[PDB]
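To begin, one chain is listed below as structure tokens, in the form deposited in one PDB entry.
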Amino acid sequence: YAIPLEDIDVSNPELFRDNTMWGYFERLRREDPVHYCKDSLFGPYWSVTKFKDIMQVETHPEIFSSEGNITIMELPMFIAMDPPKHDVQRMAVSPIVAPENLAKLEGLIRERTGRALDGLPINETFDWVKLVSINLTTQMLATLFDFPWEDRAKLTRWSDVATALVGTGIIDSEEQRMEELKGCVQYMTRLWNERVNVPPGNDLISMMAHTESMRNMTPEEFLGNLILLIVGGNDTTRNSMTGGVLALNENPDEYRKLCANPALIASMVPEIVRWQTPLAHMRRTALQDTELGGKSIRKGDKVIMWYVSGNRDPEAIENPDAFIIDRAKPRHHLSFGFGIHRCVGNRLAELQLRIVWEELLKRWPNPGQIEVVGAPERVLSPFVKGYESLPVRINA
């Protein structure tokens, strides 16, 4: 409120690192819900801050294009494609990440999860993001992709390089970003070559290499889609694992409700994904002049769907700034988007988060045993809404 409406830049990454962006999004929802920003680190853009207006953008891909770039920050892959090619590639890829096709690998993830939790320090403060969230998410991706186990830290590195702003401690330049992602393409090409001329067996690289429909992708599209699948489920799962522990500590009546009725994992996991909003936005580009929420959008304009604001919109969600683990309709949220691009991995991602909560409560069943003892450090990004560290002590 101490700055002019016309000067609000909700994309400033410092607002996300400082956890001060909430107040700026609240002012826009009240006073200018479809908002033009002339000056930012990302050039000019529109902010879409209400639940119903994000739904209008998601459901009109013939007006609001995904082709070529789906973030505010300026290989082919089907998230960054419009129909018809989007729809052909999604129909090939959807069965690869469906739980119905993954039961044996998911039982192996549960065994590996239990072993990892059995190795955590007890009655000693540690960094939850390092020892649990990054550790378990990397073990899950390495299991699904049968990735060489000694090289699994490369998955975390490639994830960081894909999304990082220049000068945050990950890359020094766009030249460095391109050199590292060349390395990623070279590594995945070797795995493709080692699995295509041998009988399949049970991992996602073997499944894609032997799927007849994926012969109609170019090698560039095949590699682009393979790398989308490794990166797409990494930071999102990681920051949902961290967020749930923080939400239960900030809301002790919900931690008591969970421990008294562990079946509430079913309604809690979707509420963790809403409360966290691990990807704060997705971007579109206007293909035609259009009207949205009373504003004139021009052909070629950058249009930002702020899920971080839509998930807190009281017009759509009752008491939206409260964490409530037994809501009547807990899947009413925008963290997986909506429409033709709605997260193809959503049911697999939630299954992983339920496996983790079942295995945590098996070992530590009482309220307050998983205790946040220090402030989180947050990520410097307008896209990844997440945590670099979280000090935790397990009281057992």
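Throughout, we count residues from 1 along the sequence that is shown. Just so we're on the same page, rigid core means the largest C-alpha set that superposes within 1.5 Å between forms.
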What number of deposited residues lacks coordinates in the span between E74 and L75: none, 1 to 3, 4 to 9, or 10 or more? 4 to 9
Can you tell me whether 291 to 299 has a higher mean C-alpha B factor than 235 to 243 in this record, or the other way round? 291 to 299
Taking the recorded C-alpha temperature factors, which stretch has the higher mean, 146 to 154 or 197 to 205? 197 to 205
Which of these has the highest Cα B-factor in the record: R327, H60, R354, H35? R327
Maximum C-alpha temperature factor per the entry, among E111, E174, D127, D82, belongs to which one? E174
Quick tally, chain-level thirds of C-alpha B-factors: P44 sits in the lowest
Chain-relative C-alpha B factor for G23 (record values, thirds): the middle
Could you place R312 in the lowest, middle or highest third of its chain by Cα temperature factor, using the values in the record? middle
Once the chain's modelled residues are ordered by C-alpha B factor and cut into thirds, is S267 in the lowest, middle or highest one? middle
What third of its chain's C-alpha B-factors does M217 belong to: lowest, middle or highest? highest
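One more form of this protein should be noted, the form deposited in another entry, which is absent from this view; the next part is about it.
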Once you align the rigid core, which of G183, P314, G114, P200 turns out to move its Cα at least 2 Å between the shown form and the other one? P200
Rigid core fitted, then: does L226 show a CA shift of 2 angstroms or greater between the shown form and the other one? yes
Using the rigid core as the reference frame, would you say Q288 shifts its C-alpha by 2 Å or more between the shown form and the other one? no
Does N261 move appreciably between the shown form and the other one, meaning a CA displacement of 2 Å or more on the superposed rigid core? no
